[PDB]
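Q: For reference, the structure I am asking about is given below.
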Amino acid sequence: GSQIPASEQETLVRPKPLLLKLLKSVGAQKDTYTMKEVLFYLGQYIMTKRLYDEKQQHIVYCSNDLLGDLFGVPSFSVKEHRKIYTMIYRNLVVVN
Ligand SMILES: C[C@H]1CC[C@H](Cn2c(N3CCO[C@@H]4CCC[C@H]43)nc3cc(-c4noc(=O)[nH]4)nc(-c4cncc(Cl)c4)c32)CC1
Numbered sequence: 007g008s009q010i011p012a013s014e015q016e017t018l019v020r021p022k023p024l025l026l027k028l029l030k031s032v033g034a035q036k037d038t039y040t041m042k043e044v045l046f047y048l049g050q051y052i053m054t055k056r057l058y059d060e061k062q063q064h065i066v067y068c069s070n071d072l073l074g075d076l077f078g079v080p081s082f083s084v085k086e087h088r089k090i091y092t093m094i095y096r097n098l099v100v101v102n
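Counting from 7, one number per residue, gives the positions in the sequence shown under our numbering.
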């Protein structure tokens, strides 16, 4: 959907080892993050590796990339905000 709630975007999370690896590949140096930071780094990961489609740039192709293994889909749109949340939550432990 869109506009995920503020307190969700601020949830403190511990990425599991695969998502941690990805985060660390774009310069993140922590064990714990907010969701908004995780999304920031994944953003950066996609930009830097150019995983977006050249012609339809809201589509991300993640087959044959680590991102593909994290999300378990061959692609997704950047407009599908809840789906993205949902795929990322599988890859982390909420901090209590
Ligand atoms: C998995 C990963 C999560 C973060 C997003 C960030 N992000 C991006 N980036 C930003 C960094 O550079 C990147 C290269 C191509 C993609 C570029 N562009 C978005 C467009 C829309 C959009 N356009 O129309 C709409 O409705 N949303 N949304 C977000 C968005 C921001 N924060 C939270 C959410 Cl869940 C989504 C966008 C990309 C995907």
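Cβ atoms here follow ideal geometry from the backbone N, Cα and C, with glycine treated the same way.
#1: If you run the structure through DSSP and keep just helix, strand and coil, what is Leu57?
#2: Let me check understanding here. Comparing Cα to Cα, which of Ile52, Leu73, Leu72 and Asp75 lies closest to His64?
#3: If contacts are defined as beta-carbon pairs under 8 angstroms, then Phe46 and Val66 qualify, I think. What distance do you get, rounded to the angstrom?
#4: Give the range of the alpha helix (DSSP H) segment to which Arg88 is assigned.
#5: Report the rounded CA-to-CA distance for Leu57 versus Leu18, giving the unit in angstroms.
#6: Between the alpha carbons of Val32 and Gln15, how many angstroms are there, rounded?
#7: Just to confirm, are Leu26 and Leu76 a CB contact at a threshold of 8 angstroms?
A: With the structure as the only source:
#1: It is coil, neither helix nor strand.
#2: Of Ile52, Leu73, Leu72 and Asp75, the residue nearest in Cα terms is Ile52.
#3: About 15 angstroms separates the Cβ atoms of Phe46 and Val66, ruling out a contact at the 8 angstroms cut-off.
#4: From DSSP, the alpha helix (DSSP H) with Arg88 extends over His87 to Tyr95.
#5: Computed Cα separation, rounded: 27 angstroms.
#6: Those two C-alpha atoms are separated by around 20 angstroms.
#7: No. Outside cutoff.
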